[PDB]
$ cat structure.cif   # mmCIF, C-alpha atoms and all ligand atoms
data_upload
loop_
_atom_site.label_atom_id
_atom_site.label_comp_id
_atom_site.auth_asym_id
_atom_site.auth_seq_id
_atom_site.Cartn_x
_atom_site.Cartn_y
_atom_site.Cartn_z
CA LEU A 1 16.22 24.91 1.31
CA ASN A 2 16.62 22.89 -1.88
CA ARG A 3 13.51 21.54 -3.58
CA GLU A 4 13.64 18.15 -1.86
CA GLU A 5 13.52 19.85 1.55
CA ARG A 6 10.50 21.99 0.65
CA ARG A 7 8.75 18.91 -0.73
CA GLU A 8 9.69 17.24 2.56
CA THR A 9 8.44 19.98 4.90
CA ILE A 10 5.14 20.11 3.01
CA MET A 11 4.92 16.32 3.26
CA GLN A 12 5.36 16.40 7.05
CA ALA A 13 2.76 19.16 7.44
CA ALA A 14 0.44 16.94 5.41
CA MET A 15 1.18 14.14 7.88
CA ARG A 16 0.04 16.32 10.78
CA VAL A 17 -3.12 17.37 8.93
CA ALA A 18 -3.81 13.70 8.19
CA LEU A 19 -3.46 12.72 11.85
CA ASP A 20 -5.55 15.68 13.08
CA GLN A 21 -8.43 15.91 10.57
CA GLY A 22 -8.25 12.85 8.31
CA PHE A 23 -8.51 12.59 4.55
CA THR A 24 -11.36 15.10 4.25
CA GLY A 25 -9.29 17.76 6.02
CA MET A 26 -6.18 17.39 3.83
CA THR A 27 -7.02 20.39 1.66
CA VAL A 28 -4.11 22.27 0.12
CA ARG A 29 -5.08 25.27 2.25
CA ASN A 30 -4.80 23.38 5.54
CA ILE A 31 -1.58 21.67 4.42
CA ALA A 32 -0.10 24.99 3.31
CA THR A 33 -1.06 26.55 6.64
CA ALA A 34 0.40 23.72 8.73
CA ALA A 35 3.60 23.89 6.66
CA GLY A 36 3.84 27.68 6.96
CA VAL A 37 4.05 28.34 3.21
CA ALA A 38 1.78 29.76 0.53
CA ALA A 39 -0.63 27.41 -1.22
CA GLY A 40 0.95 28.16 -4.60
CA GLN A 41 4.16 26.61 -3.29
CA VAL A 42 2.30 23.44 -2.28
CA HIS A 43 0.92 23.23 -5.81
CA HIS A 44 4.41 23.85 -7.20
CA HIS A 45 5.93 20.99 -5.17
CA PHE A 46 2.93 18.60 -5.34
CA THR A 47 1.04 18.86 -8.63
CA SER A 48 -1.59 16.24 -7.69
CA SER A 49 -3.31 16.92 -4.37
CA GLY A 50 -4.52 13.32 -4.48
CA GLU A 51 -0.98 12.01 -4.88
CA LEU A 52 0.09 14.19 -1.95
CA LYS A 53 -2.73 12.79 0.19
CA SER A 54 -1.85 9.17 -0.58
CA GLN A 55 1.91 9.55 -0.12
CA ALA A 56 1.35 11.40 3.16
CA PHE A 57 -0.89 8.55 4.31
CA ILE A 58 1.83 6.02 3.47
CA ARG A 59 4.37 8.06 5.44
CA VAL A 60 1.95 8.20 8.38
CA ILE A 61 1.61 4.42 8.45
CA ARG A 62 5.40 4.05 8.20
CA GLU A 63 5.73 6.39 11.19
CA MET A 64 3.17 4.19 12.96
CA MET A 65 5.38 1.16 12.31
CA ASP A 66 8.33 3.01 13.85
CA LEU A 67 6.38 4.31 16.87
CA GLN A 68 5.03 0.88 17.83
CA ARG A 69 8.42 -0.84 17.66
CA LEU A 70 9.99 -2.07 20.89
CA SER A 71 13.60 -2.42 21.99
CA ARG A 72 15.64 -5.24 20.47
CA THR A 73 16.12 -6.66 23.97
CA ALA A 74 12.38 -7.24 24.35
CA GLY A 75 10.89 -10.70 23.97
CA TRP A 76 9.87 -11.69 20.47
CA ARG A 77 6.29 -12.47 21.53
CA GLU A 78 6.03 -8.94 22.92
CA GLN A 79 7.54 -7.50 19.73
CA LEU A 80 5.12 -9.31 17.42
CA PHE A 81 2.15 -8.38 19.60
CA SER A 82 3.27 -4.75 19.46
CA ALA A 83 3.55 -4.86 15.66
CA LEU A 84 0.01 -6.30 15.42
CA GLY A 85 -2.04 -4.98 18.35
CA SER A 86 0.00 -2.47 20.35
CA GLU A 87 -2.08 -0.80 23.06
CA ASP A 88 0.21 2.26 22.96
CA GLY A 89 -1.96 5.37 23.26
CA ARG A 90 0.22 7.33 20.83
CA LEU A 91 -1.13 5.22 17.94
CA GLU A 92 -4.80 6.29 18.13
CA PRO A 93 -4.69 8.94 15.36
CA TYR A 94 -2.67 6.60 13.14
CA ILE A 95 -5.13 3.72 13.47
CA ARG A 96 -8.03 6.14 13.02
CA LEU A 97 -6.40 7.19 9.75
CA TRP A 98 -5.61 3.66 8.57
CA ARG A 99 -9.23 2.62 9.13
CA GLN A 100 -10.37 5.59 7.05
CA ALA A 101 -7.95 4.70 4.25
CA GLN A 102 -9.68 1.31 4.10
CA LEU A 103 -13.14 2.78 3.48
CA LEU A 104 -12.05 5.41 0.95
CA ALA A 105 -10.10 2.66 -0.82
CA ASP A 106 -13.44 1.52 -2.27
CA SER A 107 -14.02 4.80 -4.13
CA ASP A 108 -10.54 6.26 -4.71
CA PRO A 109 -8.00 4.40 -6.91
CA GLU A 110 -4.91 6.15 -5.56
CA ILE A 111 -5.96 5.68 -1.92
CA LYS A 112 -6.59 2.02 -2.73
CA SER A 113 -3.07 1.58 -4.12
CA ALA A 114 -1.59 3.29 -1.06
CA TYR A 115 -3.68 1.14 1.29
CA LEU A 116 -2.46 -2.03 -0.44
CA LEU A 117 1.11 -0.76 -0.08
CA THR A 118 0.61 -0.16 3.65
CA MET A 119 -0.73 -3.70 3.99
CA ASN A 120 2.51 -4.89 2.40
CA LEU A 121 4.48 -2.80 4.91
CA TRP A 122 2.57 -4.21 7.88
CA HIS A 123 3.26 -7.68 6.50
CA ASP A 124 6.97 -6.87 6.09
CA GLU A 125 7.27 -5.84 9.75
CA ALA A 126 5.42 -8.94 10.97
CA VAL A 127 7.61 -11.25 8.86
CA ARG A 128 10.79 -9.54 10.06
CA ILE A 129 9.80 -10.10 13.69
CA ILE A 130 8.77 -13.72 13.05
CA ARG A 131 12.09 -14.51 11.36
CA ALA A 132 14.14 -12.89 14.12
CA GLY A 133 12.22 -14.71 16.84
CA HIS A 134 12.48 -17.96 14.90
CA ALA A 135 16.26 -17.60 14.61
CA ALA A 136 16.41 -16.81 18.34
CA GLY A 137 14.57 -20.05 19.17
CA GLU A 138 11.48 -18.55 20.83
CA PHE A 139 9.09 -19.05 17.90
CA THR A 140 8.26 -22.46 16.44
CA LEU A 141 7.37 -22.30 12.75
CA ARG A 142 5.25 -25.11 11.34
CA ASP A 143 4.53 -22.81 8.38
CA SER A 144 6.33 -20.01 6.56
CA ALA A 145 6.57 -16.64 8.31
CA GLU A 146 4.80 -15.00 5.36
CA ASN A 147 1.66 -17.14 5.62
CA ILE A 148 1.60 -16.84 9.42
CA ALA A 149 1.93 -13.07 9.06
CA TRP A 150 -0.99 -12.88 6.61
CA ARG A 151 -3.16 -14.94 8.96
CA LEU A 152 -2.32 -12.79 12.00
CA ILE A 153 -2.87 -9.53 10.10
CA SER A 154 -6.16 -10.96 8.82
CA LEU A 155 -7.20 -11.74 12.40
CA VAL A 156 -6.47 -8.14 13.44
CA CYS A 157 -8.32 -6.67 10.45
CA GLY A 158 -11.43 -8.79 11.01
CA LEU A 159 -11.50 -8.34 14.78
CA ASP A 160 -11.20 -4.58 14.28
CA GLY A 161 -13.92 -4.52 11.64
CA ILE A 162 -16.13 -6.13 14.28
CA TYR A 163 -14.81 -4.02 17.18
CA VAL A 164 -15.77 -0.75 15.48
CA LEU A 165 -19.38 -1.93 15.17
CA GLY A 166 -19.75 -1.82 18.96
CA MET A 167 -20.30 -5.47 19.83
CA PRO A 168 -19.92 -5.87 23.62
CA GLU A 169 -18.51 -9.41 23.69
CA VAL A 170 -15.63 -8.20 21.47
CA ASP A 171 -13.99 -5.29 23.31
CA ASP A 172 -10.40 -4.19 23.92
CA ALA A 173 -9.72 -7.00 26.39
CA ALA A 174 -11.29 -9.59 24.08
CA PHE A 175 -9.22 -8.23 21.18
CA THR A 176 -5.94 -8.62 23.07
CA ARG A 177 -6.95 -12.09 24.30
CA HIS A 178 -7.68 -13.30 20.76
CA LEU A 179 -4.47 -11.86 19.31
CA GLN A 180 -2.31 -13.38 22.05
CA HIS A 181 -4.10 -16.70 21.54
CA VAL A 182 -3.51 -16.88 17.79
CA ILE A 183 0.14 -15.97 18.40
CA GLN A 184 0.35 -18.88 20.84
CA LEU A 185 -1.16 -21.24 18.26
CA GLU A 186 0.95 -20.04 15.34
CA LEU A 187 4.35 -19.83 17.06
CA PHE A 188 4.35 -21.79 20.35
CA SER A 189 3.48 -25.40 19.52
CA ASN B 1 -52.70 -10.84 0.36
CA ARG B 2 -51.33 -9.43 3.62
CA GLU B 3 -48.08 -11.35 4.08
CA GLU B 4 -47.95 -12.91 0.61
CA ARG B 5 -47.67 -9.63 -1.31
CA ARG B 6 -45.24 -8.45 1.38
CA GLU B 7 -43.26 -11.62 0.67
CA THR B 8 -43.29 -11.06 -3.10
CA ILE B 9 -42.09 -7.48 -2.59
CA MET B 10 -39.36 -8.81 -0.30
CA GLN B 11 -38.32 -11.31 -2.97
CA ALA B 12 -38.11 -8.41 -5.42
CA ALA B 13 -35.86 -6.44 -3.07
CA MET B 14 -33.67 -9.53 -2.70
CA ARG B 15 -33.32 -10.07 -6.45
CA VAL B 16 -32.45 -6.40 -7.03
CA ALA B 17 -29.97 -6.62 -4.14
CA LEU B 18 -28.16 -9.61 -5.65
CA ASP B 19 -28.28 -8.05 -9.13
CA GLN B 20 -27.29 -4.41 -8.50
CA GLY B 21 -26.55 -3.88 -4.81
CA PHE B 22 -27.86 -1.24 -2.45
CA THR B 23 -27.51 1.61 -4.96
CA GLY B 24 -30.05 0.09 -7.35
CA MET B 25 -32.59 -0.76 -4.62
CA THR B 26 -34.94 2.08 -5.51
CA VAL B 27 -38.66 1.61 -4.96
CA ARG B 28 -39.20 2.43 -8.64
CA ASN B 29 -37.04 -0.54 -9.68
CA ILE B 30 -38.14 -2.92 -6.90
CA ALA B 31 -41.80 -2.26 -7.73
CA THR B 32 -41.08 -3.04 -11.39
CA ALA B 33 -39.24 -6.27 -10.53
CA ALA B 34 -42.28 -7.24 -8.43
CA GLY B 35 -44.83 -6.23 -11.06
CA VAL B 36 -46.70 -3.78 -8.81
CA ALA B 37 -47.22 -0.03 -8.70
CA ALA B 38 -44.64 2.18 -7.01
CA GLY B 39 -47.00 3.22 -4.20
CA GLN B 40 -47.85 -0.24 -2.86
CA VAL B 41 -44.24 -0.66 -1.72
CA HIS B 42 -44.79 2.50 0.33
CA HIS B 43 -47.96 0.87 1.67
CA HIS B 44 -45.91 -2.12 2.86
CA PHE B 45 -42.61 -0.51 3.96
CA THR B 46 -42.57 2.76 5.89
CA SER B 47 -38.94 3.65 5.10
CA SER B 48 -36.97 2.79 1.98
CA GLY B 49 -34.00 2.16 4.26
CA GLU B 50 -36.07 -0.33 6.24
CA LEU B 51 -36.71 -2.23 3.00
CA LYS B 52 -33.05 -2.14 1.95
CA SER B 53 -31.90 -3.42 5.34
CA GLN B 54 -34.53 -6.13 5.82
CA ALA B 55 -34.06 -7.41 2.27
CA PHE B 56 -30.30 -7.50 2.83
CA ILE B 57 -30.81 -9.61 5.96
CA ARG B 58 -33.01 -11.99 3.97
CA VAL B 59 -30.37 -12.25 1.23
CA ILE B 60 -27.71 -13.24 3.77
CA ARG B 61 -30.08 -15.71 5.46
CA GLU B 62 -30.62 -17.38 2.08
CA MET B 63 -26.85 -17.46 1.55
CA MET B 64 -26.44 -19.35 4.82
CA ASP B 65 -29.27 -21.72 3.87
CA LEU B 66 -27.43 -22.51 0.62
CA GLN B 67 -24.12 -23.03 2.44
CA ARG B 68 -25.52 -25.49 5.00
CA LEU B 69 -24.52 -29.06 4.15
CA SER B 70 -26.33 -32.41 4.37
CA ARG B 71 -25.67 -32.79 8.14
CA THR B 72 -23.99 -36.17 7.57
CA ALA B 73 -20.72 -34.96 6.06
CA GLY B 74 -17.74 -34.43 8.33
CA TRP B 75 -18.04 -31.53 10.76
CA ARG B 76 -14.87 -29.92 9.39
CA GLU B 77 -16.49 -29.78 5.95
CA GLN B 78 -19.70 -28.31 7.38
CA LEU B 79 -17.78 -25.56 9.19
CA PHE B 80 -15.60 -24.73 6.18
CA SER B 81 -18.65 -24.54 3.93
CA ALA B 82 -20.23 -22.25 6.52
CA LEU B 83 -17.13 -20.02 6.39
CA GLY B 84 -15.25 -19.90 3.08
CA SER B 85 -16.79 -21.47 -0.03
CA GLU B 86 -15.13 -20.34 -3.28
CA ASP B 87 -18.28 -20.82 -5.37
CA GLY B 88 -18.74 -18.05 -7.92
CA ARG B 89 -22.53 -18.13 -7.65
CA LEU B 90 -22.16 -16.67 -4.14
CA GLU B 91 -20.24 -13.57 -5.24
CA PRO B 92 -23.50 -11.57 -5.69
CA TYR B 93 -24.29 -12.47 -2.08
CA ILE B 94 -20.72 -11.81 -0.92
CA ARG B 95 -20.65 -8.54 -2.86
CA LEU B 96 -23.80 -7.35 -1.09
CA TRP B 97 -22.38 -8.35 2.29
CA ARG B 98 -19.15 -6.48 1.56
CA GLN B 99 -21.17 -3.44 0.52
CA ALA B 100 -23.10 -3.63 3.80
CA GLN B 101 -19.91 -3.62 5.88
CA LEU B 102 -18.95 -0.40 4.12
CA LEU B 103 -22.33 1.33 4.37
CA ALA B 104 -22.48 0.44 8.07
CA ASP B 105 -20.02 3.30 8.62
CA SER B 106 -22.57 5.85 7.35
CA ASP B 107 -26.04 4.29 7.84
CA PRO B 108 -27.25 3.29 11.33
CA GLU B 109 -29.97 1.03 9.87
CA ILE B 110 -27.60 -0.89 7.59
CA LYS B 111 -25.23 -0.90 10.57
CA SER B 112 -27.81 -2.64 12.76
CA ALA B 113 -28.60 -5.14 10.00
CA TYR B 114 -24.92 -5.87 9.34
CA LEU B 115 -24.29 -6.43 13.05
CA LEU B 116 -27.25 -8.82 12.98
CA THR B 117 -25.85 -10.84 10.06
CA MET B 118 -22.50 -11.07 11.85
CA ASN B 119 -24.28 -12.47 14.91
CA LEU B 120 -26.12 -14.97 12.67
CA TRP B 121 -22.84 -16.11 11.11
CA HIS B 122 -21.47 -16.45 14.64
CA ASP B 123 -24.45 -18.51 15.83
CA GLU B 124 -24.01 -20.88 12.88
CA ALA B 125 -20.28 -21.34 13.48
CA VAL B 126 -20.96 -22.01 17.17
CA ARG B 127 -23.63 -24.57 16.25
CA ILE B 128 -21.23 -26.51 14.02
CA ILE B 129 -18.41 -26.27 16.58
CA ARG B 130 -20.55 -27.58 19.45
CA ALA B 131 -22.01 -30.38 17.33
CA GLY B 132 -18.55 -31.41 16.14
CA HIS B 133 -17.18 -31.31 19.68
CA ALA B 134 -19.99 -33.56 20.90
CA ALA B 135 -19.28 -35.96 18.02
CA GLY B 136 -15.67 -36.23 19.24
CA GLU B 137 -14.24 -34.74 16.04
CA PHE B 138 -13.40 -31.28 17.43
CA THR B 139 -10.98 -30.68 20.31
CA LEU B 140 -11.73 -27.39 22.06
CA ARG B 141 -8.94 -25.59 23.90
CA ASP B 142 -11.28 -22.58 24.13
CA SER B 143 -14.99 -21.83 24.05
CA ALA B 144 -16.87 -22.35 20.79
CA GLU B 145 -17.84 -18.67 20.93
CA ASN B 146 -14.26 -17.36 21.03
CA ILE B 147 -13.15 -19.86 18.37
CA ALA B 148 -16.07 -18.70 16.23
CA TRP B 149 -15.11 -15.04 16.58
CA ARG B 150 -11.50 -15.77 15.66
CA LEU B 151 -12.45 -17.84 12.59
CA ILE B 152 -14.98 -15.29 11.31
CA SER B 153 -12.36 -12.60 11.92
CA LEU B 154 -9.87 -14.59 9.83
CA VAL B 155 -12.41 -14.79 7.00
CA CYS B 156 -13.31 -11.09 7.11
CA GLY B 157 -9.67 -9.98 7.18
CA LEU B 158 -8.53 -12.31 4.41
CA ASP B 159 -11.47 -11.07 2.34
CA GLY B 160 -10.43 -7.47 2.96
CA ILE B 161 -6.96 -8.26 1.65
CA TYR B 162 -8.34 -10.39 -1.21
CA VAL B 163 -10.45 -7.57 -2.68
CA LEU B 164 -7.36 -5.35 -2.98
CA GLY B 165 -5.99 -7.69 -5.66
CA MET B 166 -3.05 -8.97 -3.62
CA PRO B 167 -1.44 -11.75 -5.71
CA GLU B 168 -0.15 -13.70 -2.71
CA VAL B 169 -3.71 -13.70 -1.30
CA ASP B 170 -5.87 -15.35 -3.97
CA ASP B 171 -8.64 -17.95 -3.87
CA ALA B 172 -6.29 -20.89 -3.27
CA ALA B 173 -4.24 -19.08 -0.61
CA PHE B 174 -7.48 -18.08 1.13
CA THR B 175 -8.60 -21.72 1.26
CA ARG B 176 -5.21 -22.83 2.58
CA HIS B 177 -5.19 -20.26 5.39
CA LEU B 178 -8.75 -21.00 6.51
CA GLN B 179 -8.12 -24.76 6.56
CA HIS B 180 -4.91 -24.19 8.52
CA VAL B 181 -6.51 -22.05 11.23
CA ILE B 182 -9.30 -24.60 11.62
CA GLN B 183 -6.60 -27.23 12.13
CA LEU B 184 -4.95 -25.10 14.83
CA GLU B 185 -8.16 -24.13 16.62
CA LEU B 186 -9.92 -27.51 16.75
CA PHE B 187 -7.25 -30.23 16.31
CA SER B 188 -4.51 -29.57 18.87
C1 LIG A 201 -6.84 -0.64 8.77
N1 LIG A 201 -7.09 -1.78 9.64
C2 LIG A 201 -7.94 -2.86 9.16
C3 LIG A 201 -6.49 -1.82 10.96
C4 LIG A 201 -5.32 -1.12 11.20
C5 LIG A 201 -4.74 -1.14 12.46
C6 LIG A 201 -5.33 -1.86 13.49
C7 LIG A 201 -4.68 -1.88 14.87
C8 LIG A 201 -5.39 -2.14 15.95
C9 LIG A 201 -4.96 -3.26 16.89
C10 LIG A 201 -5.77 -3.56 18.15
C11 LIG A 201 -7.02 -2.75 18.47
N2 LIG A 201 -7.69 -3.00 19.51
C12 LIG A 201 -7.03 -3.27 20.77
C13 LIG A 201 -9.13 -2.76 19.52
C14 LIG A 201 -7.45 -1.63 17.53
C15 LIG A 201 -6.64 -1.32 16.27
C16 LIG A 201 -3.15 -1.97 14.97
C17 LIG A 201 -2.43 -2.67 14.01
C18 LIG A 201 -1.05 -2.75 14.11
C19 LIG A 201 -0.39 -2.14 15.16
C20 LIG A 201 -1.11 -1.44 16.11
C21 LIG A 201 -2.49 -1.36 16.02
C22 LIG A 201 -6.51 -2.55 13.25
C23 LIG A 201 -7.09 -2.53 12.00
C1 LIG A 202 -18.40 -8.78 4.19
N1 LIG A 202 -17.49 -9.75 4.75
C2 LIG A 202 -16.71 -9.40 5.92
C3 LIG A 202 -17.37 -11.06 4.12
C4 LIG A 202 -18.51 -11.67 3.61
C5 LIG A 202 -18.42 -12.92 3.00
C6 LIG A 202 -17.20 -13.56 2.91
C7 LIG A 202 -17.09 -14.93 2.24
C8 LIG A 202 -16.05 -15.20 1.48
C9 LIG A 202 -15.18 -16.42 1.78
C10 LIG A 202 -13.97 -16.73 0.90
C11 LIG A 202 -13.61 -15.83 -0.29
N2 LIG A 202 -12.62 -16.08 -1.01
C12 LIG A 202 -12.22 -17.45 -1.30
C13 LIG A 202 -12.02 -15.02 -1.82
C14 LIG A 202 -14.49 -14.61 -0.57
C15 LIG A 202 -15.69 -14.30 0.31
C16 LIG A 202 -18.00 -16.07 2.70
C17 LIG A 202 -18.54 -16.08 3.97
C18 LIG A 202 -19.36 -17.12 4.38
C19 LIG A 202 -19.64 -18.16 3.51
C20 LIG A 202 -19.10 -18.16 2.23
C21 LIG A 202 -18.28 -17.12 1.83
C22 LIG A 202 -16.06 -12.95 3.42
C23 LIG A 202 -16.15 -11.70 4.02
#
$ encode --input "structure.cif" --output "structure tokens"
Amino acid sequence: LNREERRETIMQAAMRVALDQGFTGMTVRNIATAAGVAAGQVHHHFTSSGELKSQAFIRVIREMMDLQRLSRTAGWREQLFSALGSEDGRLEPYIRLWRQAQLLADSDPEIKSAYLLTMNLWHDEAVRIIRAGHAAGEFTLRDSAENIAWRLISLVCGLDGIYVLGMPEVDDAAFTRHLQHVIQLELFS
Amino acid sequence: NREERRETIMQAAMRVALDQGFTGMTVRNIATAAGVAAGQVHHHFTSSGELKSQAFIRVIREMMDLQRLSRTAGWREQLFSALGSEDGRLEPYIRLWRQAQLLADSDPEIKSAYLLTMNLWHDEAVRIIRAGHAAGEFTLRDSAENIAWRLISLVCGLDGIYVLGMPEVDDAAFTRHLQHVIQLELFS
């Protein structure tokens, strides 16, 4: 195992620890355990535990973007709705982490940078889908795919920030309804 | 006396909230900003958290009172002003509100208050939407409540991205997006 592959195995272990315990639980001891190596090796391959935490978080969100993706043959409406509000049960720990990364972004510079980067990734996926569906003729763009993507992502972020508070008139069903509706308005004139 | 000193103490809490945020809302500083002894605030407010939360609610209520327009301007302008004004003087209010949304994750009292301010915001948006629909200016393809939730959600999200320093999401871009979604929601 060359150095890149040790760095990599440790990174993946850190991804599991992130999805199982969150940011608080990503101690070098738990990461070293999950990777099956001695802590000293984790310190030798990742000199900043903070940097390791952030990069692992980024990789987790990337994996979330790959897990939510549908087959190319699927309708473009369905694809976009998956990339924004997928109800797939496998995504729970990822979302739970992303949410956390938001909060800790207020008090941790590195986590804030990583969170911004993940927002850019989310946007990239949404734009990709909007462009493909536009070229296919299913979506109707009266604005650029970038702006539309930022507005949809904003809708999801706000509706989630309200969903977590426990308001009854905004529940899972309401969430999906709203997201589908804004998609209809933005791309099906 | 009874409610007037309570009101002066509340005004103190509000000023300290707009000036420093929740962290600086200590009874020792609030009492000084009110010109009273530190114990009287304990006479008037059982829990310090109760004071922080109630004063926050009052701050947001005042924000909404400042953002309400002359009732004769176009309904679109009233709604927008109720949603997304770019006035710098509001940033101390906005700041506080942001702070609240964060502390709601770790403080049930501030959580209750924050929920309450969100419902107030909602009630205002619904008011303007219904009034504009009656006036024939707004065209509703959905209930004013759902439209309100989607618009407020747009504002909250775009704010969350705006605070990160995203260059493509700045003041101007924010305005553009909000205007656009209003156009889609009420002018089909
Ligand atoms: C960090 N951040 C602001 C957020 C991050 C993610 C989410 C998500 C989500 C979508 C619908 C939900 N529903 C159905 C309640 C719950 C979460 C989500 C976003 C994209 C793809 C799949 C799920 C929301 C907010
Ligand atoms: C805590 N929370 C979810 C939020 C609290 C306040 C805001 C606001 C706002 C609107 C536009 C902005 N721009 C132009 C950057 C900045 C703040 C805002 C809300 C209502 C009236 C005026 C401004 C947004 C989110």
$ closest_atom_pairs --input "structure.cif" --of "stretch 66-87 of chain A" --to "stretch 126-149 of chain A" --cutoff "9 Å" --atoms "only C-alpha atoms" --output "Markdown table"
| residue | atom | partner | partner_atom | distance |
| --- | --- | --- | --- | --- |
| A:75 | CA | A:133 | CA | 8.3 |
| A:76 | CA | A:133 | CA | 5.3 |
| A:77 | CA | A:133 | CA | 7.9 |
| A:79 | CA | A:129 | CA | 7.0 |
| A:80 | CA | A:129 | CA | 6.0 |
| A:83 | CA | A:126 | CA | 6.5 |
| A:84 | CA | A:126 | CA | 7.5 |
$ write_last_selection --input "structure.cif" --atoms "C-alpha atoms" --output "compact mmCIF listing (two decimals), keeping the file's coordinate frame"
# COMPACT_ATOMS: atom_id res chain seq x y z
CA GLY A 75 10.89 -10.70 23.97
CA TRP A 76 9.87 -11.69 20.47
CA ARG A 77 6.29 -12.47 21.53
CA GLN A 79 7.54 -7.50 19.73
CA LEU A 80 5.12 -9.31 17.42
CA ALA A 83 3.55 -4.86 15.66
CA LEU A 84 0.01 -6.30 15.42
$ axis_aligned_box --input "structure.cif" --around "ligand LIG 201 (chain A)" --padding-each-side "6 Å" --output "AutoDock Vina command-line options"
--center_x -4.8 --center_y -2.1 --center_z 14.8 --size_x 20.7 --size_y 14.9 --size_z 24.0
$ residues_around --input "structure.cif" --residues "residue B:28" --least-positions-apart "3" --cutoff "7 Å" --atoms "only C-alpha atoms" --output "mmCIF file with C-alpha atoms, keeping the file's coordinate frame"
data_model
loop_
_atom_site.group_PDB
_atom_site.id
_atom_site.type_symbol
_atom_site.label_atom_id
_atom_site.label_comp_id
_atom_site.auth_asym_id
_atom_site.auth_seq_id
_atom_site.Cartn_x
_atom_site.Cartn_y
_atom_site.Cartn_z
ATOM 1 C CA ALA B 31 -41.800 -2.260 -7.730
ATOM 2 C CA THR B 32 -41.080 -3.040 -11.390
ATOM 3 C CA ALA B 38 -44.640 2.180 -7.010
#
$ residues_around --input "structure.cif" --residues "residue A:86" --least-positions-apart "5" --cutoff "12 Å" --atoms "all atoms listed in the file" --output "PyMOL selection string"
chain A and resi 64-70+77-81+91-92+94-95+156+172+175-176+179-180
$ residues_around --input "structure.cif" --residues "stretch 73-87 of chain B" --least-positions-apart "3" --cutoff "9 Å" --atoms "all atoms listed in the file" --output "list in words"
residues 64, 67, 68, 69, 70, 90, 91, 121, 124, 125, 128, 129, 131, 132, 133, 135, 137, 138, 151, 152, 155, 171, 172, 174, 175, 178, 179 and 182 of chain B
$ closest_atom_pairs --input "structure.cif" --of "chain A" --to "chain B" --cutoff "6 Å" --atoms "all atoms listed in the file" --output "JSON lines"
{"residue": "A:154", "atom": "CA", "partner": "B:157", "partner_atom": "CA", "distance": 4.0}
{"residue": "A:155", "atom": "CA", "partner": "B:154", "partner_atom": "CA", "distance": 4.7}
{"residue": "A:157", "atom": "CA", "partner": "B:157", "partner_atom": "CA", "distance": 4.8}
{"residue": "A:158", "atom": "CA", "partner": "B:153", "partner_atom": "CA", "distance": 4.0}
{"residue": "A:159", "atom": "CA", "partner": "B:153", "partner_atom": "CA", "distance": 5.2}
$ residues_around --input "structure.cif" --residues "residue B:34" --least-positions-apart "3" --cutoff "12 Å" --atoms "only C-alpha atoms" --output "JSON, numbers by chain"
{"B": [5, 6, 7, 8, 9, 10, 11, 12, 13, 14, 15, 16, 27, 28, 29, 30, 31, 37, 38, 40, 41]}
$ closest_residue --input "structure.cif" --among "B:26, B:47, B:54, B:143" --to "residue B:130" --atoms "all atoms listed in the file"
B:143
$ closest_residue --input "structure.cif" --among "A:121, A:116, A:26, A:173" --to "ligand LIG 201 (chain A)" --atoms "all atoms listed in the file"
A:173
$ closest_residue --input "structure.cif" --among "B:98, B:2, B:71, B:43" --to "residue B:18" --atoms "all atoms listed in the file"
B:98
$ residues_around --input "structure.cif" --residues "residue A:41" --least-positions-apart "5" --cutoff "10 Å" --atoms "all atoms listed in the file" --output "MDAnalysis selection string"
chainID A and resid 6:7 10 28 32 46:47
$ closest_residue --input "structure.cif" --among "A:56, A:74, A:170, A:17" --to "residue A:115" --atoms "only C-alpha atoms"
A:56
$ atom_distance --input "structure.cif" --atom1 "atom CA of residue B:22" --atom2 "atom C6 of ligand LIG 201 (chain A)"
27.6 Å
$ atom_distance --input "structure.cif" --atom1 "atom CA of residue A:110" --atom2 "atom CA of residue A:163"
26.8 Å
$ build_atoms --input "structure.cif" --residues "stretch 161-165 of chain B" --atoms "N, CA, C and O atoms" --output "CSV table (one decimal), in the coordinates of the input"
chain,number,residue,atom,x,y,z
B,161,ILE,N,-8.2,-8.3,2.4
B,161,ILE,CA,-7.0,-8.3,1.6
B,161,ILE,C,-7.2,-8.8,0.2
B,161,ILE,O,-6.5,-8.4,-0.7
B,162,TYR,N,-8.1,-9.7,0.1
B,162,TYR,CA,-8.3,-10.4,-1.2
B,162,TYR,C,-8.9,-9.4,-2.2
B,162,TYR,O,-8.6,-9.5,-3.4
B,163,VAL,N,-9.8,-8.5,-1.8
B,163,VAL,CA,-10.4,-7.6,-2.7
B,163,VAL,C,-9.5,-6.5,-3.2
B,163,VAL,O,-9.7,-5.9,-4.3
B,164,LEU,N,-8.4,-6.3,-2.5
B,164,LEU,CA,-7.4,-5.4,-3.0
B,164,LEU,C,-6.6,-5.9,-4.2
B,164,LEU,O,-5.9,-5.1,-4.8
B,165,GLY,N,-6.7,-7.1,-4.5
B,165,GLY,CA,-6.0,-7.7,-5.7
B,165,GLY,C,-4.6,-8.2,-5.3
B,165,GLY,O,-3.8,-8.3,-6.2
